[PDB]
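*Asks:* Mind having a look at this structure? Questions to follow.
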Amino acid sequence: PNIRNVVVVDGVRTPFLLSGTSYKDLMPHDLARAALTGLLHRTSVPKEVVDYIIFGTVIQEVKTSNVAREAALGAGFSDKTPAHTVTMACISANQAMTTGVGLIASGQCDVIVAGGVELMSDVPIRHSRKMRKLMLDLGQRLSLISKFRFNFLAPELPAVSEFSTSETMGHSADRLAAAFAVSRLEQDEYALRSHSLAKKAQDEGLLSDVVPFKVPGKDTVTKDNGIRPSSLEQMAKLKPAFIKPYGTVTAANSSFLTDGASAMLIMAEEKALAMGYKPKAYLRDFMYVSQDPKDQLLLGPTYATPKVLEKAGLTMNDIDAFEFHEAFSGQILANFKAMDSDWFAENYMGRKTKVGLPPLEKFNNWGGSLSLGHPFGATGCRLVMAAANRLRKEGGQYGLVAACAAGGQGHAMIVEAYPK
Amino acid sequence: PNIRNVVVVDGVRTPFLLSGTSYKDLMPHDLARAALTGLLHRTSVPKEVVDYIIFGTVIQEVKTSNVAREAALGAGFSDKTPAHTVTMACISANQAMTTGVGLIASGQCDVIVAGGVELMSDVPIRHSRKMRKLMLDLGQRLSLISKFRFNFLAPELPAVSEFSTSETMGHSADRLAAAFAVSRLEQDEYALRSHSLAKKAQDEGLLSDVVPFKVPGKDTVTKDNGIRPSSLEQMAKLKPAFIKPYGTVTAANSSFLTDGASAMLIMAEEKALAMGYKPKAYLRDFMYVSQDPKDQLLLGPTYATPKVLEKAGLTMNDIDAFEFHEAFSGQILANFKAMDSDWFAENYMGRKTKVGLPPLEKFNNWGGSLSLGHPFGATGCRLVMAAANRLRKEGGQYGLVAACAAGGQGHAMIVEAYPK
Amino acid sequence: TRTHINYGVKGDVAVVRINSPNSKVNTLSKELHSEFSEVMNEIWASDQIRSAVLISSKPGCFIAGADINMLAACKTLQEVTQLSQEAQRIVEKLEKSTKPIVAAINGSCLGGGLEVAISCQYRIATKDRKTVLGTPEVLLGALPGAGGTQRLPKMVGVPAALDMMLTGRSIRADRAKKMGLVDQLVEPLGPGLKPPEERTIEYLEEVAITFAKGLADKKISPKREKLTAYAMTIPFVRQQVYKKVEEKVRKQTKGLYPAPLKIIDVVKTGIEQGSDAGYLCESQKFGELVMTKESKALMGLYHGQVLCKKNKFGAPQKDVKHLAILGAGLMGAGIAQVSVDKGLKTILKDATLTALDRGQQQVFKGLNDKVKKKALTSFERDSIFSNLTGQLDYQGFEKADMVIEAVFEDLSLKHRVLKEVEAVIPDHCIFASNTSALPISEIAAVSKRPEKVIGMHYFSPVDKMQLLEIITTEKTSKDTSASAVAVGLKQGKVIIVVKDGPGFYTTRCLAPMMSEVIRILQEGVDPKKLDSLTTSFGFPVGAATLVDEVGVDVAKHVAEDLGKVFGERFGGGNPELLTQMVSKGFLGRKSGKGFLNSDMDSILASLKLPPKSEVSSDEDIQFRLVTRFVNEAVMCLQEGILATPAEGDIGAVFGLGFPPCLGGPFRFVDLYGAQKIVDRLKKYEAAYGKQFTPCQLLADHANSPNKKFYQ
């Protein structure tokens with residue numbers, strides 16, 4: 001109760017484009033610079049007060065390592081501001097904010113920038129394990145290194161398979177989907193919702209966490225692209241791609257390869273009231289847990305939430321506004337179905353009942369993932385302002401954000417309303 | 001004075017090999033596993049008590065991202081232990097310990113593993129910016145994507161050049177070396193020291209922060225390789241490689257491409273006294289600052305140290321044992337020469353005099369970098385135990401560790417003796 | 001009625017389920033088909049149901065093969081061919097139904113289950129390690145439970161499964177798609193609203209029913225690049241394939257297996273002749289090679305094979321998790337190579353670094369070939385490797401709970417080695433040792449604890465052979481023995497318990513065989529001939545390869561050990577010359593090349609020791625070595641080597657090197673008769689009178705009053 005508080009300020013997000021449109025020209029530290037300049041466009045903060053910016057990627061474009069250093073130097077920051085990247089699988093950003101709030105509550109620095117930036121358009125296709133031994137080349141020794149050769153030229157691929165179990169995202173996706181009794185019809189009511197709300201959200205136009213910038217190669221501007229509504233009969237015809245047609249995950253109700261960036265600012269409360277910026281939210285407790293990647297691969301959030309509710313000292317139903325992150329349809333309703341019953345908190349911890357009961361009404365109304373795409377390491381640093389401006393818009397004062405990651409890590413943290 | 005304390009426990013380091021020897025077979029998350037199993041060999045800790053392991057690379061072998069997750073799962077850890085990597089240029093590890101101590105002093109978790117793991121043997125030579133657009137390939141559209149082609153096959157290289165100024169490490173190295181009046185003879189007295197002490201250090205054999213493991217492809221064991229002593233007359237004949245022969249940095253007194261890993265354990269003090277392990281050191285304050293990469297590129301440590309001395313509230317000369325990290329000879333004596341005079345603290349901050357006076361006697365006696373090689377992102381998590389067991393060995397109680405990074409970031413933190 | 005099989009209606013689809021609560025696993029039997037008959041006719045008497053699906057609702061295997069005590073139920077030839085002609089008539093009922101059907105596989109389907117499986121129109125399998133698909137037909141030596149070999153090569157092909165149905169070995173479900181038996185795969189599930197394996201057996205029902213309605217209205221078809229080259233092409237290469245196989249089977253084994261070529265004549269006559277007429281040839285064949293003297297005792301071998309893969313000592317109390325292997329080399333790193341993968345923490349003691357390089361390069365080199373044959377993942381490989389740490393001196397034996405010595409055998413040094421590696425070890429431990437010669441009761445009276453010491457003897461290439469042996473003192477507690485055999489069967493290698501003696505069992509019977517391996521070249525009959533001569537009788541490796549198997553250095557010690565006690569009169573009986581062999585310094589397997597070598601002849605012509613003369617042909621010396629081997633193998637249990645000797649040659653054929661398709665040394669009183677072997681050594685009665693003298697217990701019930709051991 002004597003720990004210094006901590007504050008989210010206005011959360012710039014450059015809009016998410018499906019891959020193949022205008023971000024197929026860019027360079028994977030450039031829209032970092034775009035999102036960060038957009039953060040410095042609506043914050044009016046002197047550029048020397050911003051203390052310790054930290055970003056997070058997943059790809060790590062190796063011509064320029066530690067993205068955040070030169071990505072802050074590119075936007076003209078004063079260069080007495082140290083930086084580092086933080087790489088996880090999926091909640092890279094929203095690991096940025098938690099190490100930032102740890103950096104603040106230690107009581108040594110002033111303000112944090114946290115952001116998440118990636119482009120799955122140019123995936124790194126690297127050359128081979130053994131052709132790169134021709135790095136020994138760089139006058140007869142130059143010949144004798146080249147003397148041993150057969151046809152072993154093959155570019156090995158970064159097949160996103162989590163490597164601990166050697167199988168892609170979708171196998172574990174429809175495994176956990178089918179394991180908790182999810183029909184195809186029940187799995188796509190949510191797919192209908194996660195676009196039907198999204199088009200109305202862009203229609204009223206108050207999802208205003210978006211800066212535009214111009215892509216330098218192609219024509220004009222950007223605005224989000226992954227939003228398309230359809231009917232239920234025009235979805236079940238789509239034959240599923242991740243498994244043979246008995247399964248139940250198709251590309252309609254599933255994430256897609258999209259690119260984008262995000263940033264925010266995190267301030268100590270006392271300098272937030274000394275300088276005089278109007279804040280948005282506090283940033284209270286955070287549990288941070290992992291799951292064994294053989295069984296519960298994408299049972300991310302709902303093994304973590306009753307460990308953070310008891311951490312804060314409150315109850316489930318008296319939260320005011322969730323937003324759970326998705327990566328597949330059905331996954332989130334399996335993260336509805338499993339904990340609206342017994343037997344699963346049973347035998348995977350001791351003696352609780354129904355500690356997940358989300359009433360579905362106070363759920364993802366401003367459409368979360370599957371609405372405007374799922375960047376692979378930049379979600380989360382959308383999600384906090386999509387909690388904050390949301391629970392300011394209606395009443396209520398608390399709300400948890402929780403996300404699942406490729407590898408078993410979960411994330412869950414509660415966010416409180418504006419201090420006025 | 002009511003902040004919870006924090007403790008370094010025994011710091012395993014797998015030995016550093018010059019590249020081309022037995023680590024040219026490995027796989028860049030494997031000696032992570034070796035160093036971590038070696039940490040679990042001499043700590044006797046139950047494998048379920050270790051809470052939140054964090055590593056740090058610089059290369060990010062992209063077939064398996066977020067190294068620490070599967071690199072903890074590989075050593076048989078209980079998989080209810082979340083993990084992430086932290087990538088900087090050079091002080092990646094020793095950014096690991098500081099985010100760990102921030103994680104502890106927040107007061108939510110128990111114990112931290114911090115380590116740094118890399119192999120510059122297989123550098124990532126990636127394919128091209130535009131051939132990877134043939135990812136669109138993966139029956140006439142398969143032809144029409146292949147229809148546009150000229151000879152533009154060229155593997156672009158990860159030329160380590162820091163990208164903010166488009167020039168390698170050595171240009172800025174001998175610039176800062178020549179700028180502070182360093183002769184060739186004065187620049188190599190230190191080169192003689194940093195091997196002459198190292199061979200005696202391995203001769204007495206008390207540098208005992210080394211586990212062996214077997215390389216699976218090649219024959220037997222490992223032990224450090226970069227140690228060779230010579231005379232001063234057998235060094236000036238080596239013609240310098242980083243610049244035309246008027247310059248003053250050659251490959252003899254300079255870092256070399258070497259590979260290796262390191263880990264440690266960081267404990268809260270109260271559980272360190274409750275379980276009963278004999279600690280090594282406390283881990284007090286840490287300043288963390290950057291420098292503008294046009295002028296002071298490798299003026300890393302000595303712009304950071306008088307910002308941490310006043311942070312802790314003590315004085316320079318009454319420290320007991322330094323160890324400054326090196327990356328080039330001369331650099332460290334330019335980080336002796338500049339601040340043993342005026343005019344440089346002048347005009348780059350306000351009103352100090354001679355706040356760096358290291359008396360050279362309490363310096364790098366157990367040979368630091370240039371002795372047993374400089375891994376590119378794993379130094380530092382050697383350096384803390386090389387401070388700790390060192391200042392236990394003689395008297396004294398305090399000592400600062402400070403390191404410079406490729407990009408302008410510095411690092412400096414004080415380490416106190418054993419609490420008994 | 002419905003005692004083991006039942007269905008219901010859901011989706012108007014007949015979900016026939018397979019279960020048998022009496023045993024743990026379900027077996028094909030007359031007692032199962034006696035109700036499996038009158039269900040599918042009712043399915044065929046229905047019209048509302050338009051598709052059906054069978055499944056084993058019991059967890060575990062799918063079904064068994066032929067039920068072990070029913071084909072071995074002794075009956076006369078016309079009835080054993082009548083049952084094996086009726087057994088496929090019920091398969092030719094359902095394999096071509098108007099109403100199509102779908103089977104499913106979620107277990108180790110073996111034996112006649114493929115008869116149920118591939119007779120169906122469409123089967124479906126679960127991709128995991130537990131489900132395997134194999135045909136144990138030649139491994140017990142028969143032809144299968146309903147003769148599916150007349151529609152396997154119709155389905156997958158002659159050359160494709162011809163190296164399957166008589167190689168014996170099973171296939172996991174992953175290669176079965178590329179082979180083509182099963183076509184669709186489905187991986188199992190983890191967590192459920194019900195416990196995490198009961199849903200996976202109840203998941204396949206709905207994948208089956210969503211295949212099933214599609215089969216009735218034909219949205220999917222059952223018409224699912226090397227075999228396609230073969231697929232129509234055999235007009236003339238006919239003899240030029242099964243001839244290549246005809247000499248293949250006699251180059252792999254030798255010609256004295258009359259079992260497996262008698263399934264070749266099936267697939268030799270199934271092609272080019274009457275296929276439906278071919279389903280009655282094996283009725284004139286299955287009754288032959290089951291009622292023969294080749295594999296009659298092979299059923300008893302299988303009863304013992306399953307019978308000693310059992311804990312057999314109460315309940316396991318306080319199971320082990322750590323190990324302690326004292327000494328690197330060939331056994332220590334050897335038994336580490338098998339005791340590391342399936343969840344045992346190990347620590348490997350060595351003296352210096354100079355032998356750990358020879359250490360881990362077994363437990364790695366004999367491991368990644370495992371991932372080179374794609375039997376494991378590339379990742380779990382390395383966690384398996386990193387479960388094995390190698391210390392140098394002692395730091396960590398306070399956590400250990402079971403210790404195995406592996407040092408090269410001596411009575412003197414190990415006597416001390418047990419005395420310095422006693423203090424840093426807790427009291428609820430187990431000391432054990434892999435001695436080969438000197439007994440444990442000579443060294444069980446030294447340590448602080450008397451009762452926590454057993455013995456575990458292994459055999460020399462530890463991966464390929466598949467058994468252990470236990471050495472049990474007077475002082476071994478029941479908890480000590482149970483905790484030992486827990487490691488034995490969790491190891492997976494089939495255990496036998498032995499109450500000890502001077503020379504325990506295996507070297508105890510091997511040296512009275514090895515002491516006459518010099519006796520053939522004691523006359524000089526060119527022992528390169530002896531390899532063919534003894535592999536002709538059935539031994540898989542020649543006696544020259546047996547002396548190149550044991551190691552030449554321990555041969556003098558296993559000559560002197562029981563020769564210290566009674567090996568000079570009947571644990572041997574020829575002049576030892578192996579010290580003259582090593583007098584030059586021959587090194588055995590570590591010298592690479594075996595025995596012409598041009599120096600064995602100088603031994604015999606040193607002084608003229610062979611003017612000997614007796615009518616001893618090749619058959620004569622074969623039965624001499626075998627009859628002395630069984631004289632010693634019947635000497636055991638006359639002193640009570642264990643409780644009941646029907647547990648015996650489950651050990652003594654399965655690592656010793658004794659031929660299968662010969663029932664065992666404890667099994668030549670039955671199909672060869674004690675009467676006939678006593679006539680063989682009574683033909684040999686006036687040779688020496690000293691060494692070949694028969695035992696008394698087998699001899700009194702041998703010839704006249706038709707008595708057997710237990711039968």
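Identifiers in the structure tokens: chain A, B, ... in order shown; residue index from 1 per chain; ligand index from 1 in order shown.
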Could you find all residues in region 385-417 of chain B that DSSP calls strand (DSSP E) from the backbone, and write them as number ranges by chain?
*Replies:* B: 398-404, 410-416
*Asks:* Please produce an output containing N, CA and C atoms for each residue in the selection, written as a PDB file, in the first residue's frame.
*Replies:*
ATOM      1  N   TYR B 398      33.381  -4.190  -1.034  1.00  0.00           N
ATOM      2  CA  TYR B 398      32.580  -3.699  -2.143  1.00  0.00           C
ATOM      3  C   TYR B 398      33.349  -3.851  -3.443  1.00  0.00           C
ATOM      4  N   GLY B 399      32.640  -3.732  -4.561  1.00  0.00           N
ATOM      5  CA  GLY B 399      33.322  -3.674  -5.843  1.00  0.00           C
ATOM      6  C   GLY B 399      32.391  -3.496  -7.022  1.00  0.00           C
ATOM      7  N   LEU B 400      32.727  -2.636  -7.973  1.00  0.00           N
ATOM      8  CA  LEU B 400      31.833  -2.372  -9.087  1.00  0.00           C
ATOM      9  C   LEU B 400      32.226  -3.195 -10.297  1.00  0.00           C
ATOM     10  N   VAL B 401      31.223  -3.646 -11.033  1.00  0.00           N
ATOM     11  CA  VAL B 401      31.393  -4.248 -12.345  1.00  0.00           C
ATOM     12  C   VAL B 401      30.741  -3.330 -13.364  1.00  0.00           C
ATOM     13  N   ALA B 402      31.441  -3.097 -14.469  1.00  0.00           N
ATOM     14  CA  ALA B 402      30.992  -2.159 -15.479  1.00  0.00           C
ATOM     15  C   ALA B 402      31.441  -2.651 -16.840  1.00  0.00           C
ATOM     16  N   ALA B 403      30.578  -2.473 -17.829  1.00  0.00           N
ATOM     17  CA  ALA B 403      30.801  -3.036 -19.147  1.00  0.00           C
ATOM     18  C   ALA B 403      30.264  -2.090 -20.203  1.00  0.00           C
ATOM     19  N   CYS B 404      30.822  -2.205 -21.402  1.00  0.00           N
ATOM     20  CA  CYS B 404      30.464  -1.354 -22.525  1.00  0.00           C
ATOM     21  C   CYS B 404      29.811  -2.216 -23.580  1.00  0.00           C
ATOM     22  N   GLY B 410      25.941   1.540 -21.601  1.00  0.00           N
ATOM     23  CA  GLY B 410      26.883   1.125 -20.593  1.00  0.00           C
ATOM     24  C   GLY B 410      26.170   0.290 -19.552  1.00  0.00           C
ATOM     25  N   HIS B 411      26.955  -0.252 -18.637  1.00  0.00           N
ATOM     26  CA  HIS B 411      26.367  -0.956 -17.518  1.00  0.00           C
ATOM     27  C   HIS B 411      27.310  -0.855 -16.343  1.00  0.00           C
ATOM     28  N   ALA B 412      26.760  -0.642 -15.156  1.00  0.00           N
ATOM     29  CA  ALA B 412      27.590  -0.501 -13.971  1.00  0.00           C
ATOM     30  C   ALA B 412      26.754  -0.818 -12.750  1.00  0.00           C
ATOM     31  N   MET B 413      27.268  -1.690 -11.892  1.00  0.00           N
ATOM     32  CA  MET B 413      26.539  -2.062 -10.688  1.00  0.00           C
ATOM     33  C   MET B 413      27.532  -2.500  -9.632  1.00  0.00           C
ATOM     34  N   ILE B 414      27.242  -2.192  -8.384  1.00  0.00           N
ATOM     35  CA  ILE B 414      28.148  -2.529  -7.300  1.00  0.00           C
ATOM     36  C   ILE B 414      27.713  -3.839  -6.683  1.00  0.00           C
ATOM     37  N   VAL B 415      28.691  -4.606  -6.233  1.00  0.00           N
ATOM     38  CA  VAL B 415      28.501  -5.936  -5.686  1.00  0.00           C
ATOM     39  C   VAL B 415      29.232  -5.974  -4.356  1.00  0.00           C
ATOM     40  N   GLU B 416      28.555  -6.447  -3.327  1.00  0.00           N
ATOM     41  CA  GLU B 416      29.051  -6.407  -1.967  1.00  0.00           C
ATOM     42  C   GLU B 416      29.515  -7.821  -1.617  1.00  0.00           C
TER      43      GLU B 416
END
*Asks:* Using only C-alpha atoms, find the residues of chain A whose closest atom to chain C is at most 8 Å away, then write them as a PyMOL selection string.
*Replies:* chain A and resi 163-166+175-176+179-180+246+294-296+338+341-344
*Asks:* Selection from above, N, CA and C atoms, as a compact mmCIF listing (two decimals), in the first residue's frame, can you write it?
*Replies:*
# COMPACT_ATOMS: atom_id res chain seq x y z
N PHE A 163 8.70 -26.33 -31.44
CA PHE A 163 9.91 -27.14 -31.32
C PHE A 163 9.96 -28.08 -30.11
N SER A 164 9.13 -27.86 -29.10
CA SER A 164 9.11 -28.73 -27.94
C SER A 164 8.30 -29.99 -28.19
N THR A 165 7.45 -29.95 -29.21
CA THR A 165 6.60 -31.06 -29.58
C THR A 165 6.49 -31.25 -31.09
N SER A 166 7.16 -30.41 -31.88
CA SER A 166 7.39 -30.61 -33.31
C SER A 166 6.10 -30.70 -34.11
N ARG A 175 -7.00 -29.94 -31.30
CA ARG A 175 -7.01 -30.91 -30.21
C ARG A 175 -7.73 -30.36 -28.99
N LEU A 176 -7.29 -29.20 -28.50
CA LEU A 176 -7.95 -28.61 -27.35
C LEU A 176 -9.37 -28.19 -27.68
N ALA A 179 -11.39 -31.48 -27.65
CA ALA A 179 -11.33 -32.19 -26.38
C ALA A 179 -12.37 -31.70 -25.40
N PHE A 180 -12.85 -30.47 -25.56
CA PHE A 180 -13.85 -29.93 -24.65
C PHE A 180 -15.20 -29.76 -25.32
N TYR A 246 -12.41 -34.29 -41.08
CA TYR A 246 -13.17 -34.56 -39.86
C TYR A 246 -13.00 -33.48 -38.80
N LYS A 294 2.83 -30.47 -23.65
CA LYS A 294 2.28 -31.69 -24.20
C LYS A 294 0.77 -31.77 -24.13
N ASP A 295 0.16 -31.36 -23.01
CA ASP A 295 -1.28 -31.44 -22.88
C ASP A 295 -1.97 -30.09 -23.09
N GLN A 296 -1.68 -29.13 -22.23
CA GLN A 296 -2.41 -27.87 -22.21
C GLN A 296 -1.57 -26.85 -22.95
N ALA A 338 -14.48 -25.19 -20.22
CA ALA A 338 -13.79 -26.08 -19.30
C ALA A 338 -13.97 -25.70 -17.84
N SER A 341 -17.29 -25.84 -15.47
CA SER A 341 -17.58 -27.14 -14.90
C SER A 341 -16.47 -27.50 -13.92
N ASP A 342 -16.67 -28.63 -13.25
CA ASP A 342 -15.69 -29.18 -12.33
C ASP A 342 -14.66 -29.98 -13.11
N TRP A 343 -13.91 -30.81 -12.38
CA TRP A 343 -13.00 -31.85 -12.85
C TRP A 343 -11.73 -31.27 -13.48
N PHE A 344 -11.68 -29.98 -13.77
CA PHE A 344 -10.50 -29.47 -14.44
C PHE A 344 -9.66 -28.60 -13.53
*Asks:* Tell me as number ranges by chain which residues belonging to chain A come within 6 Å of chain B, counting only C-alpha atoms.
*Replies:* A: 63, 66, 79-82, 84-88, 102, 126-127, 158, 289-292
*Asks:* Deliver the residues from the most recent selection as a file, using N, CA, C and O atoms, as a PDB file, in the first residue's frame.
*Replies:*
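Writing the result to again.pdb gives the following:
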ATOM      1  N   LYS A  63      20.265  -8.215 -39.494  1.00  0.00           N
ATOM      2  CA  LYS A  63      21.111  -7.132 -39.973  1.00  0.00           C
ATOM      3  C   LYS A  63      21.184  -6.015 -38.945  1.00  0.00           C
ATOM      4  O   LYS A  63      22.234  -5.390 -38.768  1.00  0.00           O
ATOM      5  N   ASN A  66      18.907  -5.796 -31.596  1.00  0.00           N
ATOM      6  CA  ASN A  66      18.313  -4.982 -30.526  1.00  0.00           C
ATOM      7  C   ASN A  66      17.528  -3.770 -31.018  1.00  0.00           C
ATOM      8  O   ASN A  66      17.874  -2.624 -30.713  1.00  0.00           O
ATOM      9  N   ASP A  79      19.663  10.479 -27.149  1.00  0.00           N
ATOM     10  CA  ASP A  79      20.269   9.168 -27.122  1.00  0.00           C
ATOM     11  C   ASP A  79      20.888   8.844 -25.778  1.00  0.00           C
ATOM     12  O   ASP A  79      21.703   7.922 -25.684  1.00  0.00           O
ATOM     13  N   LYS A  80      20.515   9.575 -24.739  1.00  0.00           N
ATOM     14  CA  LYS A  80      20.809   9.179 -23.365  1.00  0.00           C
ATOM     15  C   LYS A  80      19.629   8.407 -22.787  1.00  0.00           C
ATOM     16  O   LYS A  80      19.127   8.694 -21.703  1.00  0.00           O
ATOM     17  N   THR A  81      19.159   7.423 -23.554  1.00  0.00           N
ATOM     18  CA  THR A  81      17.987   6.616 -23.219  1.00  0.00           C
ATOM     19  C   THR A  81      18.313   5.186 -23.602  1.00  0.00           C
ATOM     20  O   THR A  81      18.240   4.824 -24.784  1.00  0.00           O
ATOM     21  N   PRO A  82      18.669   4.351 -22.646  1.00  0.00           N
ATOM     22  CA  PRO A  82      19.016   2.968 -22.965  1.00  0.00           C
ATOM     23  C   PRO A  82      17.790   2.162 -23.333  1.00  0.00           C
ATOM     24  O   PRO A  82      16.670   2.495 -22.956  1.00  0.00           O
ATOM     25  N   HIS A  84      16.255  -1.994 -24.704  1.00  0.00           N
ATOM     26  CA  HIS A  84      16.473  -3.377 -25.068  1.00  0.00           C
ATOM     27  C   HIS A  84      15.200  -3.976 -25.620  1.00  0.00           C
ATOM     28  O   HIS A  84      14.110  -3.459 -25.403  1.00  0.00           O
ATOM     29  N   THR A  85      15.343  -5.084 -26.326  1.00  0.00           N
ATOM     30  CA  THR A  85      14.191  -5.832 -26.779  1.00  0.00           C
ATOM     31  C   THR A  85      13.943  -6.981 -25.829  1.00  0.00           C
ATOM     32  O   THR A  85      14.810  -7.329 -25.035  1.00  0.00           O
ATOM     33  N   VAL A  86      12.741  -7.537 -25.890  1.00  0.00           N
ATOM     34  CA  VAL A  86      12.348  -8.679 -25.089  1.00  0.00           C
ATOM     35  C   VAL A  86      11.584  -9.595 -26.018  1.00  0.00           C
ATOM     36  O   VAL A  86      10.537  -9.211 -26.542  1.00  0.00           O
ATOM     37  N   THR A  87      12.105 -10.782 -26.252  1.00  0.00           N
ATOM     38  CA  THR A  87      11.512 -11.688 -27.216  1.00  0.00           C
ATOM     39  C   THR A  87      10.864 -12.866 -26.516  1.00  0.00           C
ATOM     40  O   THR A  87      11.547 -13.663 -25.875  1.00  0.00           O
ATOM     41  N   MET A  88       9.546 -12.962 -26.641  1.00  0.00           N
ATOM     42  CA  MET A  88       8.841 -14.202 -26.373  1.00  0.00           C
ATOM     43  C   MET A  88       8.132 -14.666 -27.620  1.00  0.00           C
ATOM     44  O   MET A  88       8.318 -14.099 -28.697  1.00  0.00           O
ATOM     45  N   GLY A 102       7.923  -3.367 -13.407  1.00  0.00           N
ATOM     46  CA  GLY A 102       8.949  -3.771 -12.468  1.00  0.00           C
ATOM     47  C   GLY A 102      10.093  -2.779 -12.417  1.00  0.00           C
ATOM     48  O   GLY A 102      10.680  -2.547 -11.357  1.00  0.00           O
ATOM     49  N   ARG A 126      16.654 -19.060 -43.921  1.00  0.00           N
ATOM     50  CA  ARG A 126      18.100 -19.091 -43.818  1.00  0.00           C
ATOM     51  C   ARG A 126      18.699 -20.299 -44.504  1.00  0.00           C
ATOM     52  O   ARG A 126      18.025 -21.291 -44.786  1.00  0.00           O
ATOM     53  N   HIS A 127      20.008 -20.217 -44.726  1.00  0.00           N
ATOM     54  CA  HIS A 127      20.580 -20.749 -45.951  1.00  0.00           C
ATOM     55  C   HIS A 127      20.787 -22.254 -45.862  1.00  0.00           C
ATOM     56  O   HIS A 127      20.173 -23.011 -46.615  1.00  0.00           O
ATOM     57  N   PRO A 158      11.735 -21.661 -41.289  1.00  0.00           N
ATOM     58  CA  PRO A 158      11.296 -21.407 -39.906  1.00  0.00           C
ATOM     59  C   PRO A 158       9.851 -21.834 -39.694  1.00  0.00           C
ATOM     60  O   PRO A 158       8.946 -21.016 -39.500  1.00  0.00           O
ATOM     61  N   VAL A 289       2.313 -17.220 -15.731  1.00  0.00           N
ATOM     62  CA  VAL A 289       2.477 -18.652 -15.512  1.00  0.00           C
ATOM     63  C   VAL A 289       2.539 -19.382 -16.847  1.00  0.00           C
ATOM     64  O   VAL A 289       2.127 -18.864 -17.888  1.00  0.00           O
ATOM     65  N   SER A 290       3.075 -20.596 -16.808  1.00  0.00           N
ATOM     66  CA  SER A 290       3.316 -21.427 -17.974  1.00  0.00           C
ATOM     67  C   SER A 290       2.638 -22.782 -17.819  1.00  0.00           C
ATOM     68  O   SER A 290       2.328 -23.224 -16.715  1.00  0.00           O
ATOM     69  N   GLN A 291       2.456 -23.466 -18.944  1.00  0.00           N
ATOM     70  CA  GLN A 291       1.794 -24.759 -18.972  1.00  0.00           C
ATOM     71  C   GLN A 291       2.620 -25.726 -19.803  1.00  0.00           C
ATOM     72  O   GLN A 291       3.266 -25.340 -20.779  1.00  0.00           O
ATOM     73  N   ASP A 292       2.576 -26.994 -19.403  1.00  0.00           N
ATOM     74  CA  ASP A 292       3.405 -28.022 -20.013  1.00  0.00           C
ATOM     75  C   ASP A 292       2.949 -28.303 -21.440  1.00  0.00           C
ATOM     76  O   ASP A 292       1.816 -28.728 -21.652  1.00  0.00           O
TER      77      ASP A 292
END
*Asks:* Hey, what does DSSP flag as alpha helix (DSSP H) within region 434-647 of chain C? Can you give it to me as a VMD selection string?
*Replies:* chain C and resid 478 to 491 506 to 514 517 to 520 528 to 537 543 to 550 552 to 563 578 to 584 601 to 604 618 to 635
*Asks:* Determine, counting only C-alpha atoms, which protein, DNA and RNA residues have an atom within 8 Å of an atom of region 254-265 of chain A; residues of the same chain fewer than 2 positions away are not included. Present the result as a ChimeraX atom specification.
*Replies:* /A:8-19,23,31-32,35-36,39,111-121,249-252,267,327-329,369-370,373-376,378,381-382
*Asks:* Fewer than 6 positions away in the same chain doesn't count, so skip those; otherwise give me all residues within 6 Å of region 430-432 of chain C, counting only C-alpha atoms, as an MDAnalysis selection string.
*Replies:* chainID C and resid 402:404 452:455
*Asks:* Please identify all polymer residues within 12 Å of residue 153 (chain C), counting only C-alpha atoms, omitting same-chain residues fewer than 3 positions from it, and present them as a list in words.
*Replies:*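 The filter keeps residues 118, 148, 149, 150, 156, 157, 158, 159, 160, 161, 162, 163, 164, 165, 179, 180, 181, 227, 230, 231, 266, 267, 268, 270, 271 and 275 of chain C.
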